[PDB]
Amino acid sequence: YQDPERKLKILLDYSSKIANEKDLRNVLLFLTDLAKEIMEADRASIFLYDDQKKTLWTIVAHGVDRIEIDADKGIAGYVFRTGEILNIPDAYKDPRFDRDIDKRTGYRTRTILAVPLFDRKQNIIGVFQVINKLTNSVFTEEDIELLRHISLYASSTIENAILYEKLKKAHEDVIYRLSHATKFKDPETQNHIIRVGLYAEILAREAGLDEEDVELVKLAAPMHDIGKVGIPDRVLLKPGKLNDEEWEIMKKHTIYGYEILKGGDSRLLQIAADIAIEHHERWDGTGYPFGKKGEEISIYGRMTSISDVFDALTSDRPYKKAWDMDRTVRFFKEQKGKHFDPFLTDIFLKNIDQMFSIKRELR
């Protein structure tokens, strides 16, 4: 016997999957799979618009690249420009149809149903299309209603996926650019700030931290030197060696960083604050400001020592050319259990090629 709620459940299930997916590629996939099943159609395609290349595009197979689709021709095109539904009972009795996919693969297209996709403000942003109804000879009035409702969901989840990406990207740009405010009074390039996070990301990832803490270090670590805004010019700008009144001030950037950052309530800023105050501590317990020992340093500080030191050693600094892999490996191998967490050092060594490819690919 049959299940009355069968499709309802399928649809709940797709809706859970799509709600967890942050990747537009997979959202488009799951959407088309969903439509094929609920519409009982052999195929489906979502078409979206590109402002800059001025065309529609679509992904044909799982995991292969955009296909450009001419905004002005074909069925999709017509729907896109006019705003209205096309229901082709037979595709071959229709001039707007290009039999060319059809020529080559062993496939005959019979029925086509295509509706527009609207953004929140009623602009047509693309087309949703299904092909070859399986449990009937044509697409019905109800099929149209159904797809109109699907197009509504496709739109919402598509936009929401894009908007989460924009906000994620902005949040990064803001940490990067503001973290580099010290730049008028410190040689450190933009990319130093970025790269330190990228290394610490790999580390946290491979030490097996939760996926969220991985994204956290990636973004907390770059703020490690923010305290430098609180250092006197006479000290921050002085080239070469520092006396022992000046160094004592320069060390204080760890405490300043804490001050700047500890005030938030977000986890990002609790982590960033800890990193700022900790990343010059040392596993031995010798490093400043407090001489914290082993596990007394948070793991996020520990990951940041390693990353901070790596990035410095592999850049030209006054009188020292950047270290190659071989020396850097020798150095970490030496400092294992000394400057650094021994466990994290191993992980770092396992992953050293990636560190260097980050370093090479970000000038």
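A residue's number is simply how far along the shown sequence it sits, counting from 1.
* To do: Compare the mean C-alpha B-factor of 286 to 294 with that of 241 to 249 as given in the PDB entry, and name the stretch with the higher value.
  => Comparing 286 to 294 with 241 to 249, the higher mean C-alpha B-factor belongs to 241 to 249.
Quiz item: Can you tell me which stretch has the higher mean Cα B-factor, 211 to 219 or 262 to 270?
Solution: Comparing 262 to 270 with 211 to 219, the higher average CA B-factor belongs to 262 to 270.
Checklist entry - With respect to the C-alpha temperature factors reported in the PDB entry, which of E278, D100, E145, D225 ranks highest? => result Answer, based on the entry's C-alpha B-factors: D100.
Per the PDB entry, which option out of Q129, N191, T254, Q122 has the greatest Cα B factor? Answer for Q129, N191, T254, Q122: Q122, with the highest C-alpha B-factor.
Tell me, lowest, middle or highest third: where does the Cα B factor of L8 rank within its chain? Its C-alpha B-factor, which the entry lists for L8, ranks in the lowest third among residues of this chain.
**Request:** Sorting the chain's modelled residues by C-alpha B-factor, tell me whether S155 ends up in the lowest, middle or highest third.
**Result:** For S155, whose C-alpha B-factor we compare with every modelled residue in the chain, the answer is the lowest third.
Practice item. Quick one: classify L28 as lowest, middle or highest third of the chain based on its Cα B-factor. Key: For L28, the deposited C-alpha B-factor lands in the lowest third.
Assigned third (lowest, middle, highest) for the C-alpha B factor of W323
CA B-factor rank for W323: middle third.
Chain thirds of CA B-factor: placement of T304:
Lowest third of the chain for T304's C-alpha B-factor.
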